[PDB]
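# Overview (structure and organization)
Okay, here's what each chain looks like letter by letter:
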Amino acid sequence: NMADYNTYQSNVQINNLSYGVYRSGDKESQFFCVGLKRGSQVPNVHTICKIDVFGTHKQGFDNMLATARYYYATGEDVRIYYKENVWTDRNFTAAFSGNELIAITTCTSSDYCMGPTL
Amino acid sequence: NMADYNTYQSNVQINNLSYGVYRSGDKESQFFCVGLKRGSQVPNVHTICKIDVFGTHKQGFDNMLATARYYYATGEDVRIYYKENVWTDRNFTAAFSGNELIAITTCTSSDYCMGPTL
Amino acid sequence: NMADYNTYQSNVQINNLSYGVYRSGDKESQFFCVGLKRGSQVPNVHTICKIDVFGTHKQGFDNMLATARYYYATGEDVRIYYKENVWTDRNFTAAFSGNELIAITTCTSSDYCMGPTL
Amino acid sequence: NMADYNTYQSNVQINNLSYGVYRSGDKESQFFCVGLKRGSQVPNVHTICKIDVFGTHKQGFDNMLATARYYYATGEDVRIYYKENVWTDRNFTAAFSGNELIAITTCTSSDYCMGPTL
Amino acid sequence: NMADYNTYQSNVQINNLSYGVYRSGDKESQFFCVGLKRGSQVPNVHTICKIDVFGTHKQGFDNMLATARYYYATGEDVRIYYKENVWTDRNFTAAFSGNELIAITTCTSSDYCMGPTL
Ligand SMILES: [Ca+2]
Ligand SMILES: [Ca+2]
Ligand SMILES: [Ca+2]
Ligand SMILES: [Ca+2]
Ligand SMILES: [Cl-]
Ligand SMILES: [Cl-]
Ligand SMILES: [Cl-]
Ligand SMILES: [Cl-]
Ligand SMILES: [Cl-]
Ligand SMILES: [Cl-]
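Residues numbered from 1 in each chain as written, not as in the entry; some residues may be left out. Chains lettered and ligands numbered in written order. Heavy atoms only, no water.

Structure determination for this entry, per the PDB record, employed X-ray crystallography and reached 2.303 Å resolution.

### Overview of the interface of chain E and chain C
By a widely used convention, the size of an interface equals the accessible area lost when the partners come together. Across the boundary between the two partners, chain E contributes 27 residues, which contact 28 residues of chain C. Counting the surface lost from both chain E and chain C, the interface buries some 2000 Å², and carbon and sulfur atoms represent 55% of this. It is E:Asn16, E:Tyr19 and E:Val21 that lose the most area in chain E upon contact with chain C, and together they represent 31% of the buried surface on that side. When residues of the side of chain E that touches chain C are traced back to their parent elements, those giving at least two are β1 (8-24), β2 (27-37), α1 (61-74) and α2 (90-95) of chain E. Take the side of chain E that touches chain C: its biggest share by element is nine residues, from β1(E). Each residue belonging to the side of chain E that touches chain C can be placed in one class, and the counts come to 14 nonpolar, nine polar and four charged. (Contact = heavy atoms within 4.5 Å. Buried area = accessible area lost by both parts, 1.4 Å probe. Helix = DSSP H or I, 4+ residues; strand = E, 2+ residues; numbered from the N terminus. Nonpolar A, V, L, I, M, F, W, Y, C, P; charged D, E, K, R; others polar.)

### Comments concerning the UniProt feature "binding site: Ca(2+) 1" (unreviewed entry) in chain A
Sites flagged by UniProt as "binding site: Ca(2+) 1" (unreviewed entry) map to A:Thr74. Relative to the assigned elements, A:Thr74 resides in helix α1 (residues 61-74). (UniProt positions renumbered as here; feature names shortened; annotations may be inferred.)

### Some points on the packing of helix α1 (residues 61-74) of chain B against helix α1 (residues 61-74) of chain D
Axes are the key here: two packed helices are described by the angle between their axes and the distance separating the axes. In contact at an axis separation of 12 Å, α1(B) and α1(D) are set at 5° when each is read in the N-to-C sense. On the basis of the axis angle, α1(B) is roughly parallel to α1(D). Two secondary-structure elements touch here, α1(B) through B:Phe61, B:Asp62, B:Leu65, B:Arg69, B:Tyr72 and B:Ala73 and α1(D) through D:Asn63, D:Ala66, D:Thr67, D:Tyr70 and D:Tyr71. Here the contact of α1(B) with α1(D) is built from residues that sort into seven nonpolar, two polar and two charged. (Axes fitted to C-alpha atoms, helices over the stretch in contact; angles between N-to-C directions. Parallel < 35°, antiparallel > 145°, perpendicular 65-115°, else oblique.)

### Things to note about the relation of the copies chain D and chain E
For the pair chain D and chain E, the relating rotation is 72°, the translation along its axis is 0.1 Å, and the fit reaches an RMSD of 0.3 Å. What we have between these two chains is a five-fold relation. (Least-squares fit on C-alpha atoms.)

### Notes on the arrangement of the chains
Between chain A and chain D there is no contact, and the shortest C-alpha to C-alpha separation is 16 Å. There is no contact between chain A and chain E; across them, the least C-alpha separation is 15 Å.

### Observations regarding the interface of chain D and chain E
Taken residue by residue, the interface counts 27 residues in chain D and 27 residues in chain E. Summing both partners gives a buried area of about 2100 Å² for chain D against chain E, and 57% of it is carried by carbon and sulfur. For the pair chain D and chain E, the number of links is zero salt bridges. At the surface where chain D touches chain E, the tally comes to 13 residue pairs in polar contact. At the level of secondary structure, the elements contributing two or more residues to the side of chain D that touches chain E comprise β1 (8-24), β2 (27-37), α1 and α2 (90-95) of chain D. Ranked by residues supplied to the side of chain D that touches chain E, first place goes to β1(D) with nine residues. Counted by class, the side of chain D that touches chain E contains 14 nonpolar, nine polar and four charged residues. Where β1(D) lies against strand β5 (residues 100-109) of chain E, three bridges are found, and the strand directions are antiparallel. Across the sheet, the residue bridging to D:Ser18 is E:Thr105, located in β5(E). (Salt bridge = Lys/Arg side-chain N within 4 Å of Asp/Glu carboxyl O. Polar contact = N/O pair within 3.5 Å; in protein donor to acceptor, adjacent residues only side chain to side chain. Pairing = 2+ DSSP bridges.)

### A look at the pairing of strand β4 (residues 78-83) of chain C
Residue and element names in this part refer to chain C. Of all the six residues making up β4, five are buried; the element is thus mostly covered by neighbouring parts of the structure. Where β4 and strand β5 (residues 100-106) come together, six bridges link them in antiparallel fashion. Bridge pairing in β5 places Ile80 opposite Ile104. (Buried < 20%, exposed > 50% of the residue type's maximum accessible area, 1.4 Å probe, protein only.)

### Here we look at the UniProt feature "binding site: Ca(2+) 2" (unreviewed entry) in chain A
On the UniProt side, "binding site: Ca(2+) 2" (unreviewed entry) is annotated at positions that read A:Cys107 here. Along the chain, the position of A:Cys107 falls in the segment after β5 (100-106). For A:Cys107, the residues in contact, after removing those within four places along its chain, are A:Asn11, A:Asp77, A:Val78, A:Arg79, A:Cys113 and C:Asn16.

### Concerning empty space enclosed by the protein
Residues and elements named next belong to chain D. The tally for this structure, following the rule as stated, stands at four cavities of 30 Å³ or more. The space that makes up the largest cavity amounts to roughly 50 Å³. Forming the boundary of the largest cavity are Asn1, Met2, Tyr5, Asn6, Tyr8, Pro116, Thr117 and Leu118. Here the residues of the lining of the largest cavity are counted per class, giving five nonpolar, three polar and no charged. (1 Å grid on protein atoms, 1.4 Å probe; cavity = no way out; pocket = protein on both sides within 12 Å on 5 of 7 lines; lining within 4 Å. Points joined across faces, edges and corners; volume = space filled by probe spheres on them.)

### Let's talk about α1(E)
An α-helix turns once every 3.6 residues. As a result, residues three or four positions apart point the same way. Residue and element names in this part refer to chain E. Compared with the 20 Å implied by 1.5 Å per residue over 14 residues, the 20 Å span of α1 between its first and last C-alpha is a close match. A large share of α1 lies buried, amounting to 10 of its 14 residues. Residues of α1 that are buried include every one of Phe61, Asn63, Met64, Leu65, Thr67, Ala68, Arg69, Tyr70, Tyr71 and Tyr72, and no others. Looking one or two residues beyond α1, the residue adopting positive phi is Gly75, at roughly 70°. (Expected span 1.5 Å × (residues − 1).)

### What to know about the pattern of salt bridges
Counted according to the given criterion, the structure contains eight salt bridges over all chains. Across the pair C:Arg23 and C:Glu28 runs a salt bridge, and its minimum N-O distance is 2.9 Å.

### Thoughts on the environment of E:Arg38
All names here are of chain E. If you trace the backbone, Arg38 turns up in the loop between β2 and β3 (47-51). Sequence spacing of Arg38 and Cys49 is 11 residues, and the spatial spacing of their C-alpha atoms is 18 Å. In terms of polar contacts, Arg38 uses its side chain to reach the backbone carbonyl oxygen of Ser10, at 2.8 Å.

### Focus: the state of the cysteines
Residue and element names in this part refer to chain B. Using the criterion set out here, one finds 10 disulfides over all chains in the structure. Residue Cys107 pairs covalently with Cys113 via a disulfide, S to S 2.1 Å. In this structure the cystine formed by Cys107 and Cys113 twists about its S-S bond by roughly 100°; its chirality is therefore right-handed. Of the two residues, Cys107 and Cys113, neither departs from the other in class, the shared state being buried. Sequential numbering of the bridged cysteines in chain A gives the disulfide pattern 1-2, 3-4. (Disulfide = S-S within 2.5 Å.)

### What about unusual backbone geometry?
For residues that are not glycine, phi is negative in most cases, and the peptide bond is trans in most cases. Residues and elements named next belong to chain A. At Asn11, a position not held by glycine, the phi torsion is positive, near 55°. Looking at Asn11, the relative accessible area reads 14%, which means it is buried. Of note in the backbone geometry, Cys113 takes a positive phi value of approximately 25° without being a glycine. Inspection of the secondary structure puts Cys113 in the segment after β5.

### Let's talk about the packing of aromatic side chains
Across all of its chains, the model carries 57 aromatic pairs over all chains by this definition. Consider the rings of A:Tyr5 and C:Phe31, whose centres lie 6.3 Å apart with planes at 40°: the pair is tilted. Placement of the pair is A:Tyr5 in the segment before β1 (8-24) and C:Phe31 in strand β2 (residues 27-37), with the two residues belonging to separate chains. Taken as a pair, A:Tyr5 and C:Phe31 share a single burial class, namely buried. Ring centres 6.3 Å apart and planes at 35° place the aromatic pair D:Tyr22 and D:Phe92 in the tilted group. Pair noted here: D:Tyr22 is in strand β1 and D:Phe92 is in helix α2, with a separation of 70 residues, a long-range link. Taking the relative accessible area as the measure of exposure, D:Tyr22 reaches 4% and is therefore buried. Looking at D:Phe92, the relative accessible area reads 2%, which means it is buried. These aromatic residues form a ring-pair network of at least three members: A:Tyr5, A:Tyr8, A:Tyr81, C:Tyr22, C:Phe31, C:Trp87, C:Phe92 and C:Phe96. When the ring centre of E:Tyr8 is taken as reference, the NZ or CZ atom of E:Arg79 above it lies at 5.1 Å. (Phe/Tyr/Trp six-rings, centres within 6.5 Å; stacked < 30°, edge-to-face > 60°. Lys NZ or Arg CZ within 6 Å of the ring centre and 35° of its normal.)

Right under this line is the structure:
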């Protein structure tokens, strides 16, 4: 299996977006977070973030932001891959979450979506 | 609390946009500013700016600009996080404001915008 | 003939998209994959990927991504040029494919897409 | 007042756009120009340009281009700040103009545009 | 006159787009090409290309691509400035053309496009 691709939520929509700049530790950072819904429900893990100078995978900040904003704009069904309990800044996690955004793929029906499944 | 996230206006719309180049002191800079409305109302702080080579957070000029431009285009409800009394160039503050743009988040209703609240 | 331009699918549509970050071997990478259809049909080779730090051609990651995203949005008829059996990470190829994305061109009719043909 | 912000036209529209590459003297450059209208009229100064490797302010080429292209698309009322008779290449000024683009801001009415005013 | 601005097609439409990666000599390159129509007719010169690491003007690849994609999206009347017989890769010219894209400008009517004329 593809490392860090075993945790995901399928057929969700990105219905909120946060983008901001923020100092954490000794690093000046950028971050964004997606807020998730699944139809009228709010999924268990519903806030996922990516930070430019922190994380399991620091590459792809701009591309991941553009991708998320695009799906925010369309409101289409997606699968979000993420990694839990990454962020150590307790102020950041309380306001948002500890989840790191790993990947986003598109969905054509219930439980297909592009990408690896368990 | 997340430092610099304690000051914000919720459920506003970005109804004006400025982008320009400008020399301040001896430094060549870029800046943009968002102008705010709240329905027919004008919020306490209504002009917020970001500058590429100045400010409490220099990172993220391009992403913040594209993000602001997007919300200007849709005119949707957003929350604006900002920092007061930042800019020391009195020519700039008189023309725009002393406010530095920190973050922009989306709103799902008149009771929910993404991000930390007081 | 143009090297790497001898394998392609004409008049297909991009109907799915994946973007992600991933450690492959000893490298931190970004990737995306397009999923292809031909009307209601799914061609035998239907998944094509590009990776920023791996492949026969590492250049053009951002531009190819933006290009792929535009055509996903319009859903218009395109020709996809690709190279088979490139990726050696069996975790990746099993979840996605071994195909490398080389070029995308638009189509004017059922008989004509821009670019070189066999 | 903000240096280089004393010359502008309020409530004009960008109704034409030029982007190109060009060798000027011994330098390889990019440039773009906006062409202006004011309703059904053409203002006295109606062509304003920005060049990547020349000018009073070389910074912000890509951001200014994107900014201008957006207003070209919306055709909305803007205020254009510019500096006259900057470019010295007479082939260029004859084809386009000698004006350097400094800033673009939006207008809510014929009595309000964002930015410093006289 | 502006060197390399003496050859152009006025009031054409970009009706096709090619983007790709390709090795030429010892250079890994990106290229794109626009395909041109003039209403229902196909103009004498109908394929014009720009290559990131080759040409009379290597600068402005991303910006020229963005510009071309924009006019492809709108299908609007443009003027294309180009240079003939530039590419020496005969496999490339056979697939596309020997034409280098120099500039693209907009047209407000059937007798006016922005930029210098003969
Ligand atoms: Ca909303
Ligand atoms: Ca087509
Ligand atoms: Ca409009
Ligand atoms: Ca307006
Ligand atoms: Cl959560
Ligand atoms: Cl204010
Ligand atoms: Cl496949
Ligand atoms: Cl002023
Ligand atoms: Cl003029
Ligand atoms: Cl041709």
